[PDB]
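Heads up: the structure comes next, in structure tokens.
Residue numbers (the deposited numbering): 1 to 192.
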């Protein structure tokens, strides 16, 4: 059984290295400040029945502080470490490694801190950080180290969307926030 209903569990070794500029086109706006820490989790890949499967990466709880010029740090904010990365096998039959092209999607949901005197007392405003989906296209390759276990290697580039707004005393805000740091996805994989 090397396809369809295949269950393979891996490690959640996500090496994040935030230190880029702003985007990657020809603009500059939306500064951010997040701490790097997410190299101790676990991944779970499951195939349906067509060389296609979903990979769920879960690790420690993400926590950081707002680093925008708007206020310059003042409120708290936490995201969800649990992300879903789709995987699809493109052309396979006999090779030295087990390639796989897919797309990593960052599942962002659940509320967080940030509220204040008026915000908290108003159960709104301040929040900003809302749910979103950080889908990004990328490829991956797994080296067959052993016959009972292998190693999966993958990486990212830049592609994520995040909504920043809420109800400010009875208003509808909306701020575009993106945070796609240098996160490396690599770890061992085994049938599970």
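A virtual CB, placed ideally from N, CA and C, is assigned to each residue, including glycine.
Query	Result
Contact check, residue 187 vs residue 48, beta carbons under 7 Å	no
Through-space distance from residue 7 to residue 45, alpha-carbon basis	6 Å
Cβ-based burial, residue 25 [other Cβ within 10 Å; buried from 16]	exposed
Option nearest residue 192 by Cα separation, candidates 126, 165, 42	42
Given 8 Å, three or more beta-carbon pairs between the region 84-96 and the region 108-121	no
Closest residue to residue 76 among 120, 56, 3 (Cα-Cα distance)	120
Residue 11 CB to nearest heavy atom of the ligand PLP below 6 Å	The model depicted lacks the ligand PLP and carries no ligand whatsoever.
Own chain residues within Cβ distance below 6 Å of residue 65, not counting five before or after	73
Close beta carbons around residue 141, own chain, < 6 Å, minus the five adjacent residues each side	97, 99, 153
Sub-7 Å separation of residue 122 and residue 103 beta-carbons	no
Three-way DSSP call (helix, strand, coil) for residue 142 in this model	strand
Same chain, Cβ closer than 8 Å to residue 4, five either side skipped, listed in chain order	47, 48, 49, 50
Reduced DSSP secondary structure (H/G/I, E/B, other) of residue 65	strand
Cβ separation of residue 189 and residue 125, assumed to be a contact under 8 Å, to the nearest whole Å	No, residue 189 and residue 125 are not in contact; Cβ-Cβ is about 45 Å, not under 8 Å.
Residue 165 vs residue 180 beta-carbon contact at 7 Å	no
Beta strand (DSSP E) segment containing residue 175, residue limits	175-177
Exposure of residue 81, with buried meaning 16 or more beta-carbon neighbours within 10 Å	buried
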